[PDB]
Protein chains: 4
Amino acid sequence: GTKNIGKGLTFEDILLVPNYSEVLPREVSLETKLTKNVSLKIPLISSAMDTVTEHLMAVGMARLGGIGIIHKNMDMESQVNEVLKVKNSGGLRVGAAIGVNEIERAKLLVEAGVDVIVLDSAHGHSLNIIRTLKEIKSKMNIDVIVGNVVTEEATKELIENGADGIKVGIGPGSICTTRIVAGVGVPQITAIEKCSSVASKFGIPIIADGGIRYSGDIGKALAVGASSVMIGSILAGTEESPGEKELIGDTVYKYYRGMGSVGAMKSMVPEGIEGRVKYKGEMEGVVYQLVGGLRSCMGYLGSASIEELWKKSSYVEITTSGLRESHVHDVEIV
Amino acid sequence: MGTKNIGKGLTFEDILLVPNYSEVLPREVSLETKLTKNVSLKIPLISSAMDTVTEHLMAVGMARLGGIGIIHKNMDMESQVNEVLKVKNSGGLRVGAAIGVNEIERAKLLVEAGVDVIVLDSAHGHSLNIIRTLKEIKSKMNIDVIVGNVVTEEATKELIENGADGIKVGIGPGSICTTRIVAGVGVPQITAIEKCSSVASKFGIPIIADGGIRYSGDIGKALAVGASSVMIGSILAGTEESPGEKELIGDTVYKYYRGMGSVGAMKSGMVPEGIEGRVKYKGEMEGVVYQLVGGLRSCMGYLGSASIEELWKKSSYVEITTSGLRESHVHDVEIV
Amino acid sequence: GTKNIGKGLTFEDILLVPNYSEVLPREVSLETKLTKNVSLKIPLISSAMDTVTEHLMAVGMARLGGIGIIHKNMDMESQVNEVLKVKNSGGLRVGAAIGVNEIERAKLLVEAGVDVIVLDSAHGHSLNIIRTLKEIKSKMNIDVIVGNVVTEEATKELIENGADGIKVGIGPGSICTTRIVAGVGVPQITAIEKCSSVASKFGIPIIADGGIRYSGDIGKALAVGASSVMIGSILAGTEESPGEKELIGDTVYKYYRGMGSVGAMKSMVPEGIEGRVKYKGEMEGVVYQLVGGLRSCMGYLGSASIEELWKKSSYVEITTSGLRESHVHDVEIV
Amino acid sequence: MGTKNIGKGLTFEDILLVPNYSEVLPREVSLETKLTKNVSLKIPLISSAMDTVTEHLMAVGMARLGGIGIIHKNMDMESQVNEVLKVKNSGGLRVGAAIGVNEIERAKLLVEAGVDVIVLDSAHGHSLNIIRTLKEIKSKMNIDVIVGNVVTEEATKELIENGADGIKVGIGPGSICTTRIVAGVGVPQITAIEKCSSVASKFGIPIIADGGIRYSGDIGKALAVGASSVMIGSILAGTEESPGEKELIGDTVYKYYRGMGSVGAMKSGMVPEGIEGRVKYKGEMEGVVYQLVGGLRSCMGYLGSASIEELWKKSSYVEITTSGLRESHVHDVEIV
Ligand SMILES: C[C@H](Oc1cccc2ccccc12)C(=O)Nc1ccc2oc(-c3ccncc3)nc2c1
Ligand SMILES: C[C@H](Oc1cccc2ccccc12)C(=O)Nc1ccc2oc(-c3ccncc3)nc2c1
Ligand SMILES: C[C@H](Oc1cccc2ccccc12)C(=O)Nc1ccc2oc(-c3ccncc3)nc2c1
Ligand SMILES: C[C@H](Oc1cccc2ccccc12)C(=O)Nc1ccc2oc(-c3ccncc3)nc2c1
Ligand SMILES: O=c1[nH]cnc2c1ncn2[C@@H]1O[C@H](COP(=O)(O)O)[C@@H](O)[C@H]1O
Ligand SMILES: O=c1[nH]cnc2c1ncn2[C@@H]1O[C@H](COP(=O)(O)O)[C@@H](O)[C@H]1O
Ligand SMILES: O=c1[nH]cnc2c1ncn2[C@@H]1O[C@H](COP(=O)(O)O)[C@@H](O)[C@H]1O
Ligand SMILES: O=c1[nH]cnc2c1ncn2[C@@H]1O[C@H](COP(=O)(O)O)[C@@H](O)[C@H]1O
């Protein structure tokens, strides 16, 4: 078929191959770039969703060396106050999301000391987005991350128009139904590869957004060219997320919903669902495990930093049965 | 490899459409299309010619929303003419009707009743008897004829040369179809549309993608690789306007939906190649069709395509694995 | 690696592509060669298993135009009597299985009027199978089908030593655990193709043995080069099979076991299991559906005979996802 | 495509061995193999060095049947020496024992206690510390050393150059392993054996295939593609002789089986990379081993191979799909 441009791989399709190593998981540097001008101690960002990130989550993230993006599902004043709450909790970095044409919101956020603006849309590669980007860059001084995209052409054009970071991901989210409602998407490993191929030569960080299920996925995302990953579902279950708590049967769940779900849209046909995730308690322990798995990954790959990981990493493509071998098999877990 | 292996076939679940630079919003795209070389539709949806899907009410519903319904042939000629008359007496609405091989008298009566298109459908559209029936209709009356079902370039080419005004594609992909297991025969639906489109497009003859549409995203996929429209069965079978009977099983209400090649449908009036099944009741078709149209607009927005013609020009896809598909649907989260 | 000789396809991996057709399913001729000198009206053979084929099953198959192979899990006299019961019921054709070195059994079966001897082994391409074959051919005159094999070299050697039919299948059987226990096998479509590539040069019929689950599988097997197919589990649940009945809940089951199962061997680690299949009633109806399915396949393929089907057939490889589209989906059966 | 992609990795389930012309019966095949450069076994089976699989009882059982057990290191040096002595006090019986990085003193005490082989084991064999430890051992004591775990040509080559007497292959394939999930790291076991044996065989150094053996047929596969032996954990964990404790859950007796990188094994004395699980109780190890050896003989008979060396020369395999896998197992029959 003439329109077939190749096979796309997701996190589950691959495994990273071990390298000769002289570096322990504990010695690895997880320091990375959020945007061309902003640095992070760990490569973790909490999603801009109303069931994931408000001030409490963003303080937690920043204290752990990562960063939180305050969602835009609220008035400008309430969003500015969330930013101020984080800035008033010490010298802590914080970000905030805006939509297309939201120049006024952007200005007010920047006035409030926000470190990065995340200009996000279901379809980053669009005329309205590029215009908003250009308007912001000419009217205020701040780093702008733009998303969401999955192609080299999208990456190249956004960078040409002033993007300080590029957020990658259409379809891989746990609550996303874009692939089913619209039939559109690119498997996340392939999308990071394609965007990194353009972005890295201009020094522009890729944020891998969506579909992180396990700590092993973080390593994979960074290995193929991401500077950081944005995480929703894994954190929505923690104590510091704004979601409500409901007892289903005997276990407690936190609400977690796409920002393109009918409920999130009430507060276009939906491209996200309203779901539940198991409660996980303090985010600190959750994040510790995530950082733990990534250090372990970099130790296996003999990489003392993310930059080194990019030069040293390789992967094998596996089958669904190879996936069976990867997980736990034939043993009941206690 | 084996000598008889002609390559890998892809279905809807095997691919994903790649986003393009877009200057067009979903609300702005034109869904206008051609049903046949002489008949146009405002949206590219057709309801299946099945006795659990399309009679007069469903056809009226379809036409009002800009699509079309094909009245099934599991009824006497007079009953079928009358159903067509119902739709025609309800405004100036377009409507189709199905006929079987050699049913020239039925075709004539349907055309006189003001039917807009005849659908000459068979389980195996690439056959001598079908072609004979086609030639005879085209010589005895003046009307557009859609012929199916086929899955190959040679079949598409032969039908067009003999006067087909539209080509219906699909052997095996239908939800109620067991052709692939009873006969071992079929072609995955993406590959079949591509093969047939590669021939029909230069002739300007529309391809109807028939069967296996489960989600709105499949419509986008089907059109993107060369279909001008899609024909839909199971999705509409559960609606208020379909003719099937309703059964309460446990708590939920179900509607009957059966293949026209199941034992029950063949009794109405060879081993079966369809099953008799049930689908959940979904209420008014308007809300169902609104979603489908909505998802297709979203698709065309992502693809920067203001029209179906542009969609054919601009679209590309990636093939994905089973684990890729798991990432497409909902994962690790319990839906409410 | 260097030992990877390619991808192997089974029935479920492929679909036959429709051809231009001027032949109705009812007009299709199903006549075929069982062996070089024995013909059948339909290409169906009942398996040589103690839960499938004794005289009643063999009479049933022969009346419908196929053939039954009386199993060897009984003393010589008992097997001869089974053969005599079929021959006493008209001119009806019948076959009988023997094992390696079973020359006396062969002689007796032949004297009793058997039409074909099936020299059966787990591993047909072995020195002692060849020696048994050579010994049979020089001491009596009948057609001998030899199996089971899956390679070109096996087929060539057996034919050169006097085989009148070649039986293909290691691993694909419903009750077979050879692939799990020994790690050995070849997917059935690839095995038929490989063996047909040699046998057809010599006019020697291929029997496709094991793994038929639906009538569609029969068409596939014949399409890629088989002259007939041997069937076990499908017939094992019919009233004519020797198996015993057992009520489980509200469903009636017939026992069905591999001849390499623990229970059959005491009638070496086992390579088959003891199982149950659902009771399907009269065998005539079952066979009607199978024949019906094959006629439909040959109608779609414009082939008026198996010979024409070999000439005209072609197939497409499908994915697991493709297979979900083949079966029934999203609709619950009544 | 994607530039960091080194190719498709195959696990045991992805392949099937192809039968060869055979003149050798299963009962006639020789299963004698080299454990290390200087140590031979009667059968190519090793019990895993885990605290729910191998202590003295298991090690004696393995040795009697022609294989060997590796005493785990989750105990003090004295306790470990004592296990080794018990096996040695039970006839002229082979035994191995594991040590970790820098555990030179432990190694010395084990060697003077008469251990036949030292297994220098780490989650990541291809590391500077492992190599240092290896060189240190080879210079201070006379003993065969098996090093692991690795999955690459370069790792295999470097370990051999620094004095390894055997190479243990396996990162991610074990039943209780979560390395592939937690760290995202691993190589499918067939591919890993092939790559490592491509180097090791040139030097005549035995490859041990460790983890992911689920059925006897997997042993055949592992050896066929170049392993000289296989290490097994879960299969032996449910036997009488494993040191794990029993627990009744429901109406079935289970024994505990846990990774040595599970939170409970590390508490026993980093983020965990193994789980704490349960396997069904299976009685005597002798019966279990008989079946395993039985399957391997059957495999070598199908391949016309009278010895493992001949099996390396003669073996070939075909890749299968998950649908081919369906066919391999039992299907459509309810097992009694
Ligand atoms: C309703 C849907 O919502 C989302 C989809 C995906 C991710 C989401 C993340 C957060 C919140 C909402 C999300 C959507 O906006 N869909 C959609 C589809 C196609 C579009 O195409 C365009 C567009 C095309 C050309 N110019 C401007 C916009 N916007 C689009 C929006
Ligand atoms: C029983 C089966 O019914 C159907 C199968 C598939 C789709 C259906 C949709 C609506 C109604 C019935 C359907 C069938 O007609 N099977 C069948 C199979 C092969 C055939 O081959 C020919 C044929 C070949 C050559 N010339 C004329 C007809 N008709 C055939 C019919
Ligand atoms: C126990 C197993 O049984 C069967 C396996 C597969 C199909 C069956 C069908 C009917 C009855 C029993 C069957 C078997 O015989 N396995 C087996 C495995 C390897 C062998 O290798 C040889 C052999 C090798 C070289 N020369 C002669 C025989 N016989 C073998 C038998
Ligand atoms: C906690 C984890 O434990 C295990 C993982 C896999 C297999 C196991 C088998 C038995 C016992 C524990 C196991 C681990 O050690 N992970 C880990 C991950 C990366 C590492 O990288 C290095 C390392 C890198 C460079 N030089 C020395 C060591 N050690 C590492 C350990
Ligand atoms: O409803 C929506 N539809 C599709 N994607 C969404 C929606 N809401 C949020 N997302 C994306 O999904 C990501 C979260 O992915 P997760 O970690 O896999 O749950 C977010 O960071 C957004 O990029
Ligand atoms: O019994 C039959 N066997 C095979 N296909 C059928 C049968 N009856 C209807 N169809 C086809 O299946 C389509 C419906 O597919 P669905 O939308 O996937 O439910 C119809 O438009 C016909 O092309
Ligand atoms: O126990 C056994 N192990 C392996 N194959 C067997 C055994 N018993 C019978 N077979 C084969 O399996 C075929 C039946 O396959 P089925 O039709 O798929 O049930 C028989 O005709 C034999 O070739
Ligand atoms: O906790 C762990 N994480 C990963 N691998 C382990 C762990 N503990 C033991 N292993 C490995 O897994 C093997 C057992 O694999 P199994 O036979 O598939 O159960 C052992 O011999 C070790 O190589």
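The analysis underlying the following values was restricted to heavy atoms, covering all of them including side chains, and did not include hydrogens, waters or symmetry mates. In listed order, ligands and their atoms are each counted from 1. A, B, ... follow the sequence lines: proteins, then strands. Residue 1 opens every chain.
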task = Please determine, by modelled atom types, if D:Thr179 and D:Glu273 share a side-chain donor-acceptor pair under 3.5 angstrom.
result = yes
remark   = Atoms of ligand 1 under 4.0 Å from any heavy atom of A:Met265, numbered from 1 in the order shown, are 1 (C)
request  = Over all heavy atoms of both residues, which pair between A:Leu15 and A:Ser326 is shortest? Give the atoms and the distance, please.
outcome  = CD1-OG, 3.9 Å
message = Within ligand 1, which atoms have a heavy atom of A:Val269 less than 4.0 Å away?
response = 1 (C)
message = Assess, by modelled atom type and distance only, whether the side chains of B:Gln291 and B:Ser216 contain a donor and an acceptor separated by less than 3.5 Å.
response = yes
ask   = Taking it one step at a time, do D:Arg258 and D:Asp51 satisfy side chain to side chain contact (heavy atoms under 4.5 Å, CB included)?
value = CA-CA 8 Å; D:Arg258 67 181 182 186; D:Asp51 60 21; 2.9 Å; yes
ask   = Between D:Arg180 and A:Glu325, is there a side-chain N and carboxylate O pair less than 4.0 Å apart?
value = yes
inquiry  = If you compare all heavy atoms of C:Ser21 against all heavy atoms of B:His124, which two are closest, and at what distance to 0.1 Å?
reply    = CB-NE2, 3.6 Å
message = Residue by residue, ordered by chain and number, which ones reach under 4.0 Å of ligand 2 with a heavy atom?
response = B:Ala123, B:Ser127, B:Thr179, B:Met260, B:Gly261, B:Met270, B:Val271, B:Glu273, C:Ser21, C:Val23, C:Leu24, C:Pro25, C:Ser296, C:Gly299, C:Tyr300
For C:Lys312, salt bridge (charged side-chain N to carboxylate O under 4.0 Å, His left out) partners two or more places apart = C:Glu308
